[PDB]
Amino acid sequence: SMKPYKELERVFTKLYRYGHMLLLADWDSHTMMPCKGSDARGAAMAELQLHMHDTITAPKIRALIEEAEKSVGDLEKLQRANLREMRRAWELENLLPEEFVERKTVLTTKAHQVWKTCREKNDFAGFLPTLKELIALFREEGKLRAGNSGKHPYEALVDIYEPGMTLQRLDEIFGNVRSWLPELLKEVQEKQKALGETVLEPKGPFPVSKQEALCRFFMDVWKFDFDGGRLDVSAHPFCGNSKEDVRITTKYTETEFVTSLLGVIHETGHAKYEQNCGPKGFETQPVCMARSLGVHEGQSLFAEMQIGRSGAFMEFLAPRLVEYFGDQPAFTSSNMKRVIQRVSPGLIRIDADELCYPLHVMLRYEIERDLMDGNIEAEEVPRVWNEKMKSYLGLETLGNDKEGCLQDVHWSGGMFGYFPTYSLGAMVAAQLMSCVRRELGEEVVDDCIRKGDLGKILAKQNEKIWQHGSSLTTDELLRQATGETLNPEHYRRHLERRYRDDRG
């Protein structure tokens, strides 16, 4: 009935309110909180997390969900989707026994300090005992989340971040990438080395106040609502807080402006999704949420990569760089394109350019999959990390675990099945932009970008993606939006056109 469904709605509004507090508390801990407030803040967040957990895991919720589900056809369409999303949120908290949960929590908090130091010291052997336990915990986690579905443990884990994504499809997507991208990289490198184009590096200092002003200017170009969000400073840029009050951060160095500019553009792309997330009338409910991390990172990367690193945008950007920092030879649209699209393989994933980046992701996918499968053991990670690094990026890591397998925090913090979503995001972004250019026209999109007039583009994003939140399945959403399910051929054609053909 409506009765139990509406009772669920009420419970989920309660949870949304408590989540508001947690999100604020988390935002503040990274931006405003002084160091001695840390224990108080963590104690407070833990207690509130506990209450949210007891609320969603009370016996009555399951009984409520079950009564609501027998009378499904008496609900409006969007209420039916909301009931689906409610079960999903309930299963995500309920399928892990509390004994497992506390054990995971203890190990991840342990695993963190052990990782951080070993990383800094290049000591995989000191990490390895922990790492073996993580991998056993993750394998155990997969099975629990798998439930009575018969899903592969890793699939159960990827599902946390990418609802409905199967290992079969993931293996097809990454196998597709593996068939062409390592040779594309090599082709691009040799083309760029044979050309020998002049690239003038921007010369600093770039005053941090002028960087901030430039960033806000670009947030205005993306029509960020500043009456419903903020820009501030943290050690790691992120997009956080709540949908009514979306708060992004960045970090500035005087020596360059690119990382921070492009970083803000990236987070603004996330923000636009959050600020415009529908469906309307479901604001405090789980159907009014981002569909997946791949869909979310598809929005950030649409902003950053599809618009931000384009030749057209350089035409708009260059004269703003003259205006905000003062003129210098580096500040021409042709030269800034060369700076922003420069291809240079390296060892560190977070520093990777648009082309190399998916190779870092692909390799993490394969290892994660293989560990979960039993094909390899923690023991072998360094060896296989090095194999893949030489193979995909032409670089060695043997003996350099610091910048090899120990470089990312993710496994310390109990995040397995997360990494692949980044390249899924890149693929979503390329697919969406292909559609937008098909619909609006190539010259129209280029004119919008080069003139910093994004409204027609942002409107298509809003229509196709943002207004739907989680009311549709990912497959349904992408089909409705772009004509088909997620297809990596768009990302391939984007990368070929931009890097191999220098087309923008």
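One-based numbering along the sequence shown.
Asks: Taking the mean of the C-alpha B-factors per stretch from the entry, tell me the winner out of 344-352 and 118-126.
Replies: Comparing averages over the C-alpha atoms only gives 118-126.
Asks: 66-74 versus 455-463: which one carries the higher mean Cα B factor per the record?
Replies: Comparing averages over the C-alpha atoms only gives 66-74.
Asks: Between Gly142, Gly425, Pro329, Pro319, which carries the biggest CA temperature factor in the record?
Replies: Comparing C-alpha B-factors across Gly142, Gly425, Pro329, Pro319, the top value belongs to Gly142.
Asks: In this PDB entry, which of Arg291, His266, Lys203, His112 has the top CA B-factor?
Replies: Of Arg291, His266, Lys203, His112, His112 has the highest C-alpha B-factor.
Asks: Splitting the chain's C-alpha B-factors into thirds, which one does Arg80 fall into?
Replies: Tercile = middle for this residue's CA B-factor.
Asks: Going by the recorded CA B-factors, say which third of the chain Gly374 sits in, lowest, middle or highest.
Replies: Its C-alpha B-factor belongs to the highest third of this chain's values.
Asks: Going by what the PDB entry lists, where does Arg383 fall on CA B-factor within its chain: lowest, middle or highest third?
Replies: Top third by C-alpha B-factor.
Asks: Quick check on the deposited entry: does the C-alpha B-factor of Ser149 sit in the lowest, middle or highest third of its chain?
Replies: It belongs to the highest third of the chain when residues are ordered by C-alpha B-factor.
Asks: Please place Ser242 in the lowest, middle or highest third of its chain according to the CA B-factor in the PDB entry.
Replies: Middle third, going by the recorded CA B-factors of the chain.
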